[PDB]
Amino acid sequence: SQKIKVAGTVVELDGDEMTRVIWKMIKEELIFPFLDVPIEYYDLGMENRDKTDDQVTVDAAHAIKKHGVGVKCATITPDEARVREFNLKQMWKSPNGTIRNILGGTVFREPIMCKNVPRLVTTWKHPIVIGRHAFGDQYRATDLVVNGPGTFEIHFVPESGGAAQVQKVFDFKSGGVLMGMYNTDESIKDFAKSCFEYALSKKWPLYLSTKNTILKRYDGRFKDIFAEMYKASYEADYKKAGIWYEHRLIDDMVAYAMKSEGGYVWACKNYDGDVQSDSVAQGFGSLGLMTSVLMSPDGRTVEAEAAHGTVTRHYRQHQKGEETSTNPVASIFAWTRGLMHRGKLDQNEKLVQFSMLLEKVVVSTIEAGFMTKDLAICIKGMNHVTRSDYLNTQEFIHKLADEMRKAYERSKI
Amino acid sequence: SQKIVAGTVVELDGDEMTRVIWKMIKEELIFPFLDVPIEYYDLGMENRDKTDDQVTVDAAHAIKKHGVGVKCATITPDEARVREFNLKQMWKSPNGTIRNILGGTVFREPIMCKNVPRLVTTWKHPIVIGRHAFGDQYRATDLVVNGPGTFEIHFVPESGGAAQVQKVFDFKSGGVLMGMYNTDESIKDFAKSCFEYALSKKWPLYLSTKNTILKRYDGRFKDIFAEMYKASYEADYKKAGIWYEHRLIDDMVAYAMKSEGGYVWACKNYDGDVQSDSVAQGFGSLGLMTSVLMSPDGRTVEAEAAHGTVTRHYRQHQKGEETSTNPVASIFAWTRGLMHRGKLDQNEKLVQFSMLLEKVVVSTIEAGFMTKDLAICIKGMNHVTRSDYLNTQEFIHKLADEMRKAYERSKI
Ligand SMILES: NC(=O)c1ccc[n+]([C@@H]2O[C@H](COP(=O)([O-])OP(=O)(O)OC[C@H]3O[C@@H](n4cnc5c(N)ncnc54)[C@H](OP(=O)(O)O)[C@@H]3O)[C@@H](O)[C@H]2O)c1
Ligand SMILES: NC(=O)c1ccc[n+]([C@@H]2O[C@H](COP(=O)([O-])OP(=O)(O)OC[C@H]3O[C@@H](n4cnc5c(N)ncnc54)[C@H](OP(=O)(O)O)[C@@H]3O)[C@@H](O)[C@H]2O)c1
Ligand SMILES: [Ca+2]
Ligand SMILES: [Ca+2]
């Protein structure tokens with residue numbers, strides 16, 4: 001089904017469980033009818049990441065860097081329960097963590113605002129953008145079970161060959177756990193750049209959260225890198241733009257974030273950008289109401305995703321042959337932002353107007369009273385929602401399609 | 001001033017605004033009523049630096065001895081603090097030191113005021129966070145890396161064989177590295193205390209980890225809780241109409257945001273730290289939260305303010321400007337400490353004194369007398385004016401006025 005021709009190639013990464021089911025329908029009804037789109041397909045379904053030894057994940061990452069745009073459905077990350085469940089050869093790493101490792105950059109997350117959906121948090125008047133650092137820390141770590149007594153040490157061995165630098169971290173008297181993790185100056189700096197630059201262009205303030213009182217040298221490095229770069233390259237233009245940058249302790253930032261009105265960029269270390277960008281997304285209404293875009297330092301490569309998970313409890317219900325009502329908006333906006341970036345790379349204005357148009361139609365369709373259960377909950381009580389207040393997953397997508405077909409037909413005479 | 005205590009309470013003095021407030025609470029709401037032995041330790045930054053942080057260690061060991069510890073918020077120094085106080089070094093968190101020595105779980109909970117509107121529209125009931133007090137980020141070894149090399153991790157068995165070595169990372173230019181740990185023993189301890197506490201509340205229990213990413217580290221948290229539920233707690237919980245569940249941290253923070261509450265949330269050191277601030281501020285103020293570190297045996301309580309020393313307000317204070325610093329958390333550290341002092345001494349009268357003061361604080365807030373953070377909760381941020389609240393001193397005084405009437409009012 002072709003209409004708008006797209007020269008560029010979109011690298012699509014398929015995922016798992018309920019999101020995989022919605023992914024198919026989104027392609028089927030919202031994208032392909034309108035777009036003549038070259039798709040380099042990569043199945044990051046869990047079975048296929050097992051079949052290929054996770055190499056499908058690595059190749060997909062590399063294919064995104066080549067073509068410039070990636071669009072990824074939520075995937076399962078496996079632990080022991082999951083290894084059992086699929087008879088996996090191993091506990092494979094988060095495909096997300098692997099993609100992010102290879103690409104680098106920053107994951108910008110923002111709520112998708114629907115005026116008829118009450119925010120959960122009375123104070124939040126404006127959107128918060130989270131710049132989550134995509135590299136290192138707890139997401140590329142080495143952890144270990146300890147089985148008996150013994151001493152946990154770190155050796156740093158320099159390249160020159162000067163002697164080993166060792167630290168006794170802990171004497172274990174019994175079983176326990178240990179782990180090491182890292183970050184790089186180079187990375188933190190790209191993470192500083194893109195955050196400073198995004199807030200400069202939104203004309204908004206920038207907060208950095210760390211726990212540099214505790215991790216004096218580790219988090220300390222982030223604080224100093226951001227402060228050094230601010231003085232050097234952003235203070236003058238920030239002060240001229242009527243905005244400001246400040247380091248705040250993670251403690252104080254979450255309290256501020258909860259009570260403030262929004263209108264600022266909040267830069268988080270990896271883990272905080274993981275946790276808080278869900279607290280935020282649910283605060284604004286639902287996990288399905290959020291964009292998530294991994295951006296290059298150079299602005300040429302974009303991996304757009306849904307930030308939420310595979311919606312396992314909903315899939316278990318879909319698998320019984322029971323009805324589901326799962327919010328597909330975050331999956332759809334993975335596509336639109338990917339296609340928007342695709343069109344920017346190609347000098348293709350038609351593609352950008354389509355991407356924007358699909359975002360308008362989703363938001364407008366929700367705004368006109370047509371919505372999945374989770375948004376109906378935001379409006380009507382937790383226990384005072386009924387079947388007539390919301391559309392199921394299929395209907396919602398169907399309604400969305402009806403509207404998109406109509407809007408597109410009218411759109412560019 | 002006294003009237004009411006045999007057993008001893010160990011007092012830990014702190015920094016900045018919480019210090020200023022700590023004094024007033026002792027002056028006006030505690031010592032006037034209680035004749036109590038206090039073992040005083042000054043964890044103000046100057047004395048920590050001056051004693052090479054030994055008063056902190058001494059304070060932690062005093063708490064184990066007499067069984068009750070009451071602690072004011074302290075500074076934990078980074079580089080700017082070292083400059084500011086002319087410190088010998090970037091001393092580690094005194095809280096992190098107290099907890100490393102004492103072990104256990106820090107249980108936190110909002111202090112409900114009916115005239116204070118919640119910021120989260122869905123929260124009908126309290127959320128209780130159970131924070132693992134040990135290990136992980138708060139007893140870790142972190143370094144800056146200045147040039148390329150290899151970050152290895154060695155475990156050297158007691159048995160004397162050979163080291164178990166993992167390559168973590170090949171550095172090319174500069175960075176940071178850290179190493180951190182926890183123990184089966186502490187994690188197990190953390191679980192039992194959460195299971196017992198959610199069992200006695202007849203409330204469900206959630207543990208959150210990121211075991212999909214930290215598969216062995218967080219996996220151990222998840223495996224230990226699960227095995228303990230099966231063996232020791234699943235049957236009793238099912239009889240009580242409650243459950244235990246592990247959720248991924250992503251799932252739990254989203255759930256907590258849309259839940260009505262009424263559950264005990266088991267949090268890893270880092271998560272309990274951060275999510276207890278998000279939860280206190282979601283309920284109305286950082287001022288309106290309790291925080292009680294409990295020992296595995298439950299013979300030893302350290303109570304505190306979970307929030308910081310309120311540096312921005314200390315600075316107003318220093319210039320002679322008017323402050324409205326919420327003192328309720330600092331007050332409830334006294335009351336919960338003493339509650340346990342009374343629990344230990346079988347002092348029926350002291351348990352009730354603590355209970356009464358808590359009653360009077362909230363009851364005073366609910367009669368319209370409050371500090372500026374709580375006025376901002378009722379009126380808007382931009383619509384509060386001076387007449388909606390009391391400054392810090394007046395507020396403590398109003399409570400003080402109020403507490404005397406109340407106490408005098410009781411038994412007679
Ligand atoms: N983007 C990614 O690649 C990504 C991110 C996170 C996790 N994961 C992986 O996916 C799985 C996550 O499962 P999880 O249950 O922990 O997290 P989850 O799949 O994000 O779902 C958690 C819950 O949040 C609500 N929710 C999330 N997305 C929703 C949507 N689109 N529409 C409606 N409700 C939604 C539902 O609550 P109710 O039950 O109340 O309806 C749902 O049960 C794990 O296997 C994990 O490895 C992947
Ligand atoms: N228990 C502890 O020992 C503990 C805990 C946390 C931090 N700290 C230490 O405290 C110092 C400063 O930390 P921080 O500035 O990150 O956080 P903070 O002192 O907790 O205060 C940060 C902000 O939260 C609000 N706030 C906190 N407590 C309040 C109260 N009792 N009444 C009214 N408002 C209150 C204020 O908001 P507004 O600005 O909006 O008025 C304040 O500016 C650091 O040295 C840190 O290491 C100690
Ligand atoms: Ca997340
Ligand atoms: Ca905290």
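In listed order, ligands and their atoms are each counted from 1. A, B, ... follow the sequence lines: proteins, then strands. Residue 1 opens every chain. Atom set for the values below is all heavy atoms of this structure, side chains included, hydrogens, waters and symmetry mates excluded.
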* To do: Report the residues that fulfil side chain to side chain contact (heavy atoms under 4.5 Å, CB included) with A:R316, sequence neighbours left out, ordered by chain and then residue number.
  => A:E17, A:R82, A:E85, A:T312, A:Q319, A:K320

* Could you pull out the atom name of the N/O/S atom in B:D250 that is nearest the Ca ion (ligand 3)? => OD2

* **Proximal protein residues to ligand 1, non-hydrogen atoms under 4.0 angstrom** => A:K72, A:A74, A:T75, A:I76, A:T77, A:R82, A:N96, A:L287, A:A306, A:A307, A:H308, A:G309, A:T310, A:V311, A:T312, A:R313, A:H314, A:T326, A:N327, B:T212, B:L248, B:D251, B:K258

* Centroid separation B:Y263 to B:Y206 less than 6.0 Å -> yes

* Asked: Name of the B:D277 N, O or S atom nearest the Ca ion (ligand 4)?
  -> OD2

* Asked: Under the side chain to side chain contact (heavy atoms under 4.5 Å, CB included) test, which residues partner A:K211, sequence neighbours left out?
  -> A:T213, A:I214, A:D219, A:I250, A:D251, B:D273

* Parallel, tilted or perpendicular, as decided by the 30° and 60° cut-offs, for the rings of B:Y270 and A:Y271 -> perpendicular

* Any residue meeting side chain to side chain contact (heavy atoms under 4.5 Å, CB included) with A:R119, in chain and number order, not counting sequence neighbours -> A:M113, A:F284

* What N/O/S atom of A:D274 gets nearest to the Ca ion (ligand 3)? -> OD1

* To do: State plainly whether the residues A:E80 and B:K215 are in salt-bridge range, i.e. N to O under 4.0 Å.
  => no

* Determine the interplanar angle of the A:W335 and A:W23 rings, folded into 0 to 90°, and report it as parallel if under 30°, tilted if 30 to 60°, perpendicular if over 60°. => tilted

